[PDB]
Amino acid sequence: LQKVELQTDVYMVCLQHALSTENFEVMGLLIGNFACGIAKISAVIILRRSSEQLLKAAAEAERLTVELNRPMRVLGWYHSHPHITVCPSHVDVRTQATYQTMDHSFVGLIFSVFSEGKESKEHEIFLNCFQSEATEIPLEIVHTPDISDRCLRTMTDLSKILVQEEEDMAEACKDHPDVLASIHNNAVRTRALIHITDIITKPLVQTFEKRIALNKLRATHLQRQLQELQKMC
């Protein structure tokens, strides 16, 4: 494995996933194609927090191979370091290591986030591309003209996962005989849902819609220029 080419729209998904929580490490798998030393990453899977997870990620790559008509497979993994350095921990190197025994040229990506200065008030986000001690691999974030249909849907899947995590917990105390407990659990569950809608779902809705809106602003602007330039011919 010589280098990695990570698409901007995938990069955006991973960053967005990293910025979802400040108090936990987040994780996901990378999908793409491996040619002559370089790994072109063009897809991404958001994971819960495995055997059943690998299956759904492997299934995705299979479905992408058919739909895009190009070889898609799980090329690597990524996970966030909130309040940490990009430097892969001992566990980061070990997890990356076991993956390489299963697959050479298997790349690991670390997204360090939520690191601000005391009085500086400057933020820093690092992206570390590594394999396994941790050895750095050359990385190049490659331009895309748009956000892929699949990358868009992946962003919305985090919203679904979080809500499903909450429904499963609420289900495990469904018919509590104590009225106080029952009222408590419902209040807890209500706060959790509105917390997901406010922090994750709504911001995603607003981002999608305003991108569409602002695209049209720029679009109409461009065609004003296209007419003014077409005059010269």
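Counting begins at 1, following the sequence as shown.
**Student:** Between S132 and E133, what class does the number of missing deposited residues fall in: none, 1 to 3, 4 to 9, or 10 or more?
**Tutor:** Unmodelled stretch: 1 to 3 residues, a short break.
**Student:** Indicate whether the chain is continuous between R49 and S50 or, if not, how many deposited residues are absent from the coordinates: none, 1 to 3, 4 to 9, or 10 or more.
**Tutor:** Unmodelled stretch: 10 or more residues.
**Student:** Could you check which stretch, 158 to 166 or 116 to 124, carries the larger mean CA temperature factor in the entry?
**Tutor:** If you average the C-alpha B-factors of 158 to 166 and of 116 to 124, the larger mean comes out for 116 to 124.
**Student:** Going by the mean C-alpha B-factor recorded in the entry, which is higher: 182 to 190 or 61 to 69?
**Tutor:** Mean C-alpha B-factor is greater for 61 to 69.
**Student:** Among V86, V142, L152, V74, where is the Cα temperature factor highest, going by the PDB entry?
**Tutor:** Top of the list by C-alpha B-factor: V86.
**Student:** Which third, lowest, middle or highest, does the CA B-factor of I196 fall in along this chain?
**Tutor:** Bottom third by C-alpha B-factor.
**Student:** Taking the chain's C-alpha temperature factors as the reference, tell me which third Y78 falls into: lowest, middle or highest.
**Tutor:** CA B-factor rank for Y78: middle third.
**Student:** By the record's CA B-factor, is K40 among the lowest, middle or highest third of residues in the chain?
**Tutor:** Within its chain, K40 is a highest-third residue by C-alpha B-factor, going by the deposited values.
**Student:** Which third, lowest, middle or highest, does the CA B-factor of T207 fall in along this chain?
**Tutor:** According to the entry, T207 has a C-alpha B-factor in the chain's lowest third.
**Student:** Would you mind checking where the Cα B-factor of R224 ranks among the modelled residues of its chain, as the lowest, middle or highest third?
**Tutor:** Within its chain, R224 is a highest-third residue by C-alpha B-factor, going by the deposited values.
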